[PDB]
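I have placed the structure first, in the form of structure tokens, so that the comments after it can refer back to it.
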Amino acid sequence: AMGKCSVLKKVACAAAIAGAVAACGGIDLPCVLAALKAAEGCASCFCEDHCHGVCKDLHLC
């Protein structure tokens, strides 16, 4: 899903969620989502390519 992340901010979601993965230790989708969820809408950028197991659990896609 596009999310609250347009084409330009699709380049910036990696930075938005980056602070969340950095909080756990890499793309730990169930982990970063807890912190990244503050970015209501760019989490959708995060789980976009990670649309699987936990993403459905993450509750995005």
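Identifiers for the structure tokens are assigned positionally: chains receive A, B, ... in sequence, residues are indexed from 1 per chain, and ligands are indexed from 1 in the order shown.
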
(request) Compile the contact shell of stretch 45-52 of chain A as a list in words: residues with an atom at most 9 Å away, counting only C-alpha atoms, same-chain residues fewer than 4 positions apart removed. (result)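 Residues near the query, excluding close chain neighbours: residues 1, 2, 3, 4, 5, 10, 13, 14, 16, 17, 27, 29, 33, 36, 41, 56, 57, 58, 60 and 61 of chain A.
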
(message) I'd like to know which of A:54, A:44, A:6, A:11 is closest to residue A:31, using only C-alpha atoms.
(response)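 Among the listed residues, the smallest separation from residue A:31 belongs to A:54.
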
(request) Among the residues of chain A, find those DSSP assigns to helix (DSSP H, G or I) from the backbone and print them as JSON, numbers by chain. (result) {"A": [9, 10, 11, 12, 13, 14, 15, 16, 18, 19, 20, 21, 22, 23, 24, 29, 30, 31, 32, 33, 34, 35, 36, 43, 44, 45, 46, 47, 48, 49, 53, 54, 55, 56]}

(request) Could you give me, as a VMD selection string, the residues within 12 Å of residue A:35, counting only C-alpha atoms and dropping anything in the same chain fewer than 5 positions from it? (result) chain A and resid 16 to 24 28 to 30 40 42 to 43 58
